[PDB]
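**Student:** Quick one: this structure, given as structure tokens, is what I'll be asking you about.
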Amino acid sequence: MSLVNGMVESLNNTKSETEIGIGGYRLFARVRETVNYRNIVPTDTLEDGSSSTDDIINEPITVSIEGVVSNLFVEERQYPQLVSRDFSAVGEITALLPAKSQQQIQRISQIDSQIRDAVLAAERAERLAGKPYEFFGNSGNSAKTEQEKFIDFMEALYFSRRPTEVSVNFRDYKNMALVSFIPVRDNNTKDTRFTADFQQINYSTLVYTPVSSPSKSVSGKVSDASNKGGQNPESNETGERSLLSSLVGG
Amino acid sequence: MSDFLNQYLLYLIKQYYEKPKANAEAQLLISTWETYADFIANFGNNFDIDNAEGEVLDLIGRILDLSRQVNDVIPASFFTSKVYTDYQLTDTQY
Amino acid sequence: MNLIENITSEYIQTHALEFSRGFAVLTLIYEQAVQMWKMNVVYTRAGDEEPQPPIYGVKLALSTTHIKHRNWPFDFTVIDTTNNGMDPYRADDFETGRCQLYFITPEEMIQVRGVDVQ
Amino acid sequence: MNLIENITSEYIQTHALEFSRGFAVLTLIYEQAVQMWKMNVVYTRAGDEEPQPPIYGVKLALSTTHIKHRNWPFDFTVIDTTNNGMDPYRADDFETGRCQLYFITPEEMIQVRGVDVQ
Amino acid sequence: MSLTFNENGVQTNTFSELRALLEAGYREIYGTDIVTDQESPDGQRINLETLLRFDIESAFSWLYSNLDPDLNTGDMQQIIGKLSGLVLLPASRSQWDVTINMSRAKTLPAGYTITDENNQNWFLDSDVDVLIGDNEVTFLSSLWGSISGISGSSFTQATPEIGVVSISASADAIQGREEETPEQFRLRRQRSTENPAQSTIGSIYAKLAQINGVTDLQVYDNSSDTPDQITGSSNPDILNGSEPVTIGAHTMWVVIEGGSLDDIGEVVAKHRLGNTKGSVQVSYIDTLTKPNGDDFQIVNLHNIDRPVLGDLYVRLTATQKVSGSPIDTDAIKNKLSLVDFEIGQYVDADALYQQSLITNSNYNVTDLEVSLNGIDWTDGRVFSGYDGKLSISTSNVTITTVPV
Amino acid sequence: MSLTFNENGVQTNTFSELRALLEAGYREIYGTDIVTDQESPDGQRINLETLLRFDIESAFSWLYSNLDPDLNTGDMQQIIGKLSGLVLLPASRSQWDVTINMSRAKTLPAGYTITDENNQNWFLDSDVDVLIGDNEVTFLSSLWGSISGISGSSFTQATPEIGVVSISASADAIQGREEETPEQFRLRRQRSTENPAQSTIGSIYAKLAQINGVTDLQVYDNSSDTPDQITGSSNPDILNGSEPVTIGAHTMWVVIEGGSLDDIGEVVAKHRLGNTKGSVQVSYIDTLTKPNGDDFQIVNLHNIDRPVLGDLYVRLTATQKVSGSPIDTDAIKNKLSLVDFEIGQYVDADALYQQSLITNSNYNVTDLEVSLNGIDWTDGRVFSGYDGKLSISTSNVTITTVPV
Amino acid sequence: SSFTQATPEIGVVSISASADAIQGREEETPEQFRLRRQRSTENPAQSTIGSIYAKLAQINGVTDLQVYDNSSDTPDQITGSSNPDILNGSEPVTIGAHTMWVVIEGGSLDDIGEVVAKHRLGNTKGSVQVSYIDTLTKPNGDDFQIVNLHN
Amino acid sequence: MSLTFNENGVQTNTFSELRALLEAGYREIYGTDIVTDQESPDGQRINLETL
Amino acid sequence: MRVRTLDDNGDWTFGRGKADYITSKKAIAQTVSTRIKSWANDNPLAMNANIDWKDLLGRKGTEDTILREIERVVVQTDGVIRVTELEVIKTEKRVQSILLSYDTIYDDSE
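Below, the structure is given as structure tokens:
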């Protein structure tokens with residue numbers, strides 16, 4: 001659409017110095033590295049001669065990285081990858097919540113300790129959404145060689161079915177989805193030569209949102225009224241608990 | 001600087017937490033809203049049959065069908108806030 | 001009593017309950033600045049088009065009729081899947097299953113009120 | 001009063017207003033050699049085929065019935081989204097939203113004239 | 001007096017007070033004498049912020065206004081009404097007993113609809129068990145309300161099983177209850193505020209007033225060891241008393257009308273802890289399992305009394321006052337008639353004045369009184385009779401106008 | 001379609017059709033293969049002419065439309081204001097007096113501009129001469145509107161001149177009147193059309209009752225020349241007016257209590273136009289603008305009143321209910337004082353009976369009577385009708401207990 | 153009795169009405185408008201001798217009109233009037249001082265009363281008694297109905 | 001829909017509609033092109049107030 | 001675009017409504033000037049408000065990314081077109097001062 005949008009959101013992905021790799025796994029070597037900007041320009045000669053422009057439909061950028069992984073990779077000059085902070089309680093806003101007695105508070109404490117064990121994993125996952133490497137983490141076991149680590153990380157990313165962030169030099173694209181990962185092992189080199197095509201998952205906001213990206217502490221707070229479909233509760237079986245004894249009388 | 005004021009001032013971005021006029025103004029808004037927060041919090045404290053005096057008591061009477069009018073005379077609870112007729116109830120009794 | 005499925009942690013969600021005697025629109029609201037789950041319903045009787053006047057802003061709480069005074073043939077009671085009978089207060093408190101909301105069938109309001117209704 | 005959307009800066013544009021009591025053709029003309037917004041309408045009643053005699057060349061101006069004397073159940077009033085109550089005079093004066101045109105519903109002309117009309 | 005929840009109630013500051021508070025704060029922070037205030041940009045903005053805050057504060061004022069049974073008027077009325085276990089009565093389909101007569105007696109499912117005098121459907125849920133003779137079934141109106149009809153043969157043979165012959169029923173209808181309006185609910189609740197109390201003097205009243213057909217009620221108790229006295233009662237209005245009765249000691253007493261004997265008996269047998277005095281003999285049964293694992297039926301027989309309805313006579317004189325604007329007696333009669341009277345309640349001159357006035361009244365009242373036997377008025381109260389409900393008929397309401 | 005000016009308006013001919021018309025012309029005059037492109041002399045002139053007619057047609061539509069009194073911008077001052085009787089007050093530049101401190105004697109230029117701390121440029125009108133020290137000189141705004149010149153600011157010079165050391169305003173800047181906005185000018189012209197929202201009797205009452213601070217007020221007018229009659233009011237009671245009253249000759253009279261006095265004067269000057277009866281005099285001050293930018297003060301003086309003393313006295317009889325209990329002769333007085341009345345209200349005793357019943361009392365009114373401190377003690381209608389703010393006080397109610 | 157039972161609710165029986173018709177107004181032609189406007193050129197004036205004429209001639213059923221005023225302190229005279237044609241005058245009348253007067257025919261009593269009560273500033277003389285009511289809120293926050301009766 | 005407390009209950013006004021109301025206000029007071037974003041003083045305060 | 005002016009020290013301004021607002025070409029100046037100053041994970045309502053300072057001035061070897069992020073913030077500003085920015089001193093003690101120059105949408109009317 002606008003020509004102004006071009007430079008504006010062309011710089012919207014700035015590559016940090018730390019050089020995230022395929023998502024934090026930089027322990028290989030990039031033999032080749034390509035991106036494919038494509039466009040659909042409708043073919044036939046456009047209709048008016050005055051204003052019938054705005055006909056270059058954009059396309060999902062793909063990024064192809066072929067490299068090699070060896071047992072012993074020595075990285076030349078790159079800064080450490082540091083664990084991102086847990087900035088979830090930045091807006092956390094208590095102290096308006098009710099005054100409730102002890103062991104009414106502590107009952108809530110036990111409930112919180114009870115379902116934090118079941119939610120905190122996915123909470124960390126969403127905190128570390130772009131970068132899977134420090135989610136899966138350094139393998140940490142001395143038995144698995146480096147090619148172990150590359151293969152098991154790649155399989156974890158691939159089965160994860162979550163988009164990752166991929167850095168070609170000069171850009172750290174934010175939501176790449178692993179499209180194709182082909183590791184090859186010649187019988188004349190113990191390394192693994194792998195080609196990985198990613199495809200950006202670009203998605204814009206249709207609806208009025210005053211806040212671009214809020215904290216977890218207000219993300220639901222500023223959410224607009226979400227919609228779920230209908231359903232016939234009278235015709236459910238998986239939870240057809242009887243009427244509570246406290247209600248039949250009342 | 002109580003909890004309400006402090007946790008809300010964190011929504012001042014850091015260009016404006018330290019400029020005195022801006023911080024004072026944000027504190028003004030937060031304070032005016034904070035009196036409502038305090039009112040909601042203390043509604044429970046100040047409403048029940050214990051910490052209730054005057055009209056709320058009467059309200060409770062009309063919700064439990066008991067007016068301060070018992071039409072009878074009881075001696076005084078001589079151990107100002109409010110006075111009624113002789114043939115009504117001083118607050119504590121009611 | 002049947003379980004209304006598909007309740008997520010997002011704060012303001014709407015479920016259209018389609019049932020025998022008309023249908024209703026369960027708006028679940030999650031007040032976080034003070035932990036609770038408000039509910040709104042607009043129950044339109046199957047026999048007409050303009051819905052009955054809505055209910056607005058009642059909590060979800062354990063083992064209790066919520067909309068009984070509005071006098072139409074259904075309501076909701078939540079129960080805690082622990083024994084800590086604490087009212088739904090966390091945003092995710094329905095997705096994990098800590099507490100779950102139950103839609104009372106009209107035939108079951110019959111057993112509650114002891115009489116039919118509109 | 002409802003906002004007629006889709007008014008661009010191109011000088012001579014036509015919007016076909018389809019509404020209850022017949023339909024009209026709003027020709028917005030922008031005189032630039034002298035800044036104003038002329039308007040033309042040809043309101044054809046829903047009950048026939050030959051439109052009523054047209055209006056030609058009235059300004060758009062703030063907070064004022066434009067076609068009231070032609071005595072058919074609608075008209076247009078523009079309002080300035082600033083408080084500078086200046087009549088629409090720039091070509092882009094409707095796309096940016098500086099001033100916007102409002103189509104008065106016939107039921108609202110009822111409240112204006114105090115009586116129905118053809 | 002800004003937003004003080006004090007003994008005086010709730011005192012939410014007025015809009016001008018809130019604007020003054022915000023303006024004072026802004027003035028101290030920024031400019032002692034300089035910043036502009038009203039009909040000006042910054043002033044309009046202060047107006048917007050104060051509008052938000054005053055929205056919340058007027059919500060506070062309304063909330064506390066609706067902690068009052070005498071002012072609630074809405075959903076908050078029922079929320080405050082759940083504070084005892086009672087809610088508004090629900091609309092009830094009107095019943096209608098008819099004689100059908102089918103050539104065969106297999107089964108009748110839900111569908112039927114009759115009496116096209118009105119666009120009505122009166123369906124059922126049960127079979128027929130007798131031959132072409134006139135066997136009776138009960139239909140429920142399709143309109144929840146005080147629906148009724150008169151004996152007309154205008155049935156719409158919706159989907160008849162055989163369609164034998166017309167089903168004209170004898171003339172008797174049960175009206176059915178239109179959903180209880182808040183106005184009635186206010187008095188019912190405030191009177192029945194002792195609902196969850198389970199068999200106390202107020203429990204009987206509160207749990208009898210829930211019955212599908214009851215209209216007017218009173219309860220009595222004689223807590224003394226001495227007979228022929230009344231101490232506890234449904235309304236305090238009669239505790240004043242000092243007027244004769246014929247009852248026994250350790251005895252309750254219900255006066256009731258319109259409830260089904262079955263349900264009245266159910267409640268009285270579940271909530272009585274002493275002797276009961278009455279003429280009508282309501283009944284209850286209960287299925288209990290013996291510890292040997294058997295079955296049997298106790299019969300709980302208890303006596304209640306239905307009020308002896310009566311009349312009431314009113315000595316009223318009106319002073320119209322605008323030269324040539326005569327009173328309308330008919331309106332005064334039709335108003336003073338429409339006063340609902342509770343069971344055996346003291347009718348006194350003192351309240352009837354308020355009902356002796358209509359919305360635009362040109363007349364004053366200067367000599368009003370009441371009497372029981374059409375004569376011999378007494379300057380104040382006069383008693384109805386502990387088991388006597390009263391009305392004011394258009395016939396006996398006498399009004400004497402004075403010209404001016 | 002092309003330029004046509006009929007009973008339908010002025011259809012202005014578009015550019016393309018106009019040039020095509022001129023080209024078809026030139027073809028008809030000279031030849032079908034005349035080259036009329038950007039170069040050719042004929043092309044130049046066809047283009048020049050078509051542009052000239054397009055622009056002149058636009059200017060003509062300007063003329064036509066700005067002959068419309070409801071749609072006009074620049075001769076809106078012209079075509080209607082001086083034709084329908086209005087005036088557009090010319091705007092002004094806010095004169096500011098400023099001490100400029102100066103080192104070297106100079107003639108500061110014609111239009112050098114200083115800028116106060118809020119990005120507002122004040123340009124000196126004409127060349128001034130500044131001497132060795134401080135110089136009080138007058139800058140005029142650059143914004144023609146109302147430009148708030150706070151005293152005591154810091155000025156930075158937009159057009160620096162060598163020598164200034166200190167720009168400082170000892171006192172604020174008198175603002176400049178801004179124009180009525182074209183929207184507001186048209187709206188002011190149009191408001192004269194629609195009929196008023198109230199009748200002239202009720203107009204004052206309606207727009208004198210939103211005066212923030214009042215709680216009650218009534219109006220009595222004398223439309224007919226009959227001096228002391230009454231021909232209307234806001235009191236429905238005055239349909240006959242059974243009492244004499246002093247009211248001026250063909251006048252209107254208002255009583256308020258507790259009103260913003262200056263606001264009251266403003267409203268009365270806003271809607272009275274005539275003689276006002278009263279005791280206290282109150283005025284509006286208005287500014288009227290001579291065609292040159294002057295201000296002429298007009299005081300509109302009207303006359304209103306302020307009554308507060310109405311001392312209703314009530315005598316009662318309190319018949320007990322139980323032989324021995326007391327009657328709280330105090331709470332009745334409080335609950336009867338708690339009711340308060342209107343202005344010039346013909347207070348009725350029959351309803352006042354209601355205001356002596358206390359919630360849950362053995363008490364019983366009868367023979368209630370009202371008096372204005374006389375021994376008259378009428379049974380109703382104890383008032384006359386004017387200046388009648390009249391309320392009970394607890395030391396007035398004369399109750400008489402009567403043992404049961 | 154020739155009714156076309158379009159979509160009757162029950163269709164009970166014929167609906168022959170008593171003979172009396174309100175004609176309804178055909179859209180005003182320009183020729184009438186010229187005289188009405190030139191005569192009613194004092195429309196926006198809100199209760200002056202011309203305002204009454206101009207705002208009564210807008211009534212849905214009015215046909216012919218005149219207004220009178222007796223601005224003198226002396227009764228039985230006519231000074232202001234809807235048409236200057238009668239200012240020539242010097243012919244008898246029976247009216248009071250400080251008094252207006254409307255002569256009108258065809259307007260509904262309700263709307264005529266509406267305009268006269270909104271636009272009179274003195275005594276009114278007449279036989280028919282038009283009426284007006286207005287809903288005004290007392291500063292205590294109550295409701296009531298004034299009745300404006302004018303002749 | 002916005003905050004209304006009636007015989008129907010207490011409909012609480014959602015965040016987005018509330019901030020849009022405040023922004024439409026500020027536009028009406030000051031100007032249609034007021035920048036109200038995370039930075040601008042008006043932006044800071046519209047956000048603070050709506051929260 | 002309008003925006004409330006800030007005084008010299010950068011505190012807010014109230015009063016003189018519709019006059020404490022910066023008009024243009026200076027509104028862009030103010031808005032860039034304090035868009036640079038907006039630490040990223042500060043605002044709970046915009047957690048990617050602007051560039052992340054606690055994670056760029058606290059780590060060695062970010063000067064290039066400081067500059068790239070400043071160019072990102074400036075260019076993505078309503079009213080600017082180009083930039084021309086580099087570093088002018090070299091951490092005279094350890095504080096480096098960079099020079100930032102940008103062409104607003106104004107001054108291109110010829």
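Chains as they are written, first to last, in PDB author numbering: chain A3, 1 to 250; chain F2, 1 to 79, 107 to 121; chain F4, 1 to 118; chain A4, 1 to 118; chain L5, 1 to 404; chain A5, 1 to 404; chain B5, 153 to 303; chain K5, 1 to 51; chain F7, 1 to 110.
For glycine and all other residues, C-beta sits at the position ideal for the given N, C-alpha and C.
1) Specify the secondary structure class of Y220 (chain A5) as computed by DSSP and reduced to three states.
2) Express the C-alpha separation of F94 (chain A4) and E23 (chain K5) in angstroms, rounding to a whole number.
3) Short of 7 Å in beta carbon distance, which residues of its chain neighbour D237 (chain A5), apart from the five on each side in sequence? Order them along the chain.
4) What's the gap between the Cα of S108 (chain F2) and the Cα of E7 (chain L5)?
5) Alpha carbons only, please: which of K333 (chain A5), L261 (chain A5), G293 (chain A5), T287 (chain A5) is nearest the one belonging to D305 (chain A5)?
6) Could one say the Cβ of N13 (chain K5) lies closer than 8 Å to chain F7's Cβ atoms, at least one of them?
7) If you draw a straight line from the C-alpha of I89 (chain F7) to the C-alpha of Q32 (chain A4), how long is it?
8) Which residues in chain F7 have a C-beta closer than 9 Å to the C-beta of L11 (chain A3)? List them in chain order.
9) With distances taken from CA atoms, which of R21 (chain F4), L62 (chain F4), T14 (chain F4), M86 (chain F4) is nearest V41 (chain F4)?
10) Going by DSSP, what residue range makes up the alpha helix (DSSP H) through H302 (chain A5)?
11) Please list the segments of the alpha helix (DSSP H) lying wholly inside the segment 246-305 of chain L5, counting only runs of 4 or more residues, in order along the chain.
12) May I ask which residues mark the beginning and end of the beta strand (DSSP E) holding residue 119 (chain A4)?
13) Where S213 (chain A3) and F15 (chain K5) are concerned, what is the direct C-alpha to C-alpha distance, given to the nearest angstrom?
14) Quick one: using the 10 Å Cβ neighbour count with 16 as the cut-off for buried, is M1 (chain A4) buried or exposed?
15) Does the Cβ of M252 (chain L5) have 16 or more other Cβ atoms within 10 Å, making it buried, or fewer, making it exposed?
16) Are there 16 or more other CB atoms within 10 angstroms of the CB of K389 (chain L5), so buried, or fewer, so exposed?
17) Would you mind reading off the limits of the alpha helix (DSSP H) that contains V112 (chain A4)?
18) According to DSSP, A46 (chain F7) sits in a beta bridge with which residue or residues?
19) What would DSSP say about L206 (chain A3), mapped onto helix, strand or coil?
20) Measure the alpha-carbon distance for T378 (chain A5) versus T366 (chain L5) and round it to whole angstroms.
21) Under 7 Å Cβ-Cβ, which residues of chain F4 neighbour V35 (chain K5)?
22) Whole angstroms is fine: what's the gap from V130 (chain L5)'s alpha carbon to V165 (chain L5)'s?
23) For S212 (chain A3), which residues in chain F7 fall below 8 Å Cβ to Cβ?
**Tutor:** Taking the geometry as given:
1) strand
2) Taken atom to atom, the span from the alpha-carbon of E23 (chain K5) to that of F94 (chain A4) is near 20 Å.
3) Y346, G385
4) C-alpha separation (whole angstroms): 9 Å.
5) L261 (chain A5)
6) no
7) 54 Å
8) By Cβ distance, chain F7 contributes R68, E71, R72, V75, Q76.
9) For the set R21 (chain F4), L62 (chain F4), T14 (chain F4), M86 (chain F4), the Cα lying nearest the Cα of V41 (chain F4) is the one of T14 (chain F4).
10) Element bounds for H302 (chain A5): not the alpha helix (DSSP H) but the beta strand (DSSP E), 296-304.
11) 261-270
12) In the structure as shown, chain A4 starts at 1 and stops at 118, and residue 119 (chain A4) therefore has no counterpart that could be examined.
13) 15 Å
14) Residue environment analysis places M1 (chain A4) among the exposed positions, since fewer than 16 neighbouring C-beta atoms fall within 10 angstroms of its C-beta.
15) The C-beta of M252 (chain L5) has 16 or more other C-beta atoms within 10 Å across all chains shown, which makes the residue buried.
16) buried
17) 106-113 is the span of the alpha helix (DSSP H), which, as asked, contains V112 (chain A4).
18) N43 (chain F7)
19) Note: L206 (chain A3) maps to coil in three-state DSSP.
20) 9 Å
21) Within chain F4, no residue comes near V35 (chain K5); the closest Cβ sits about 28 Å away, beyond 7 Å.
22) 15 Å
23) Within chain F7, the residues near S212 (chain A3) are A46, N48.
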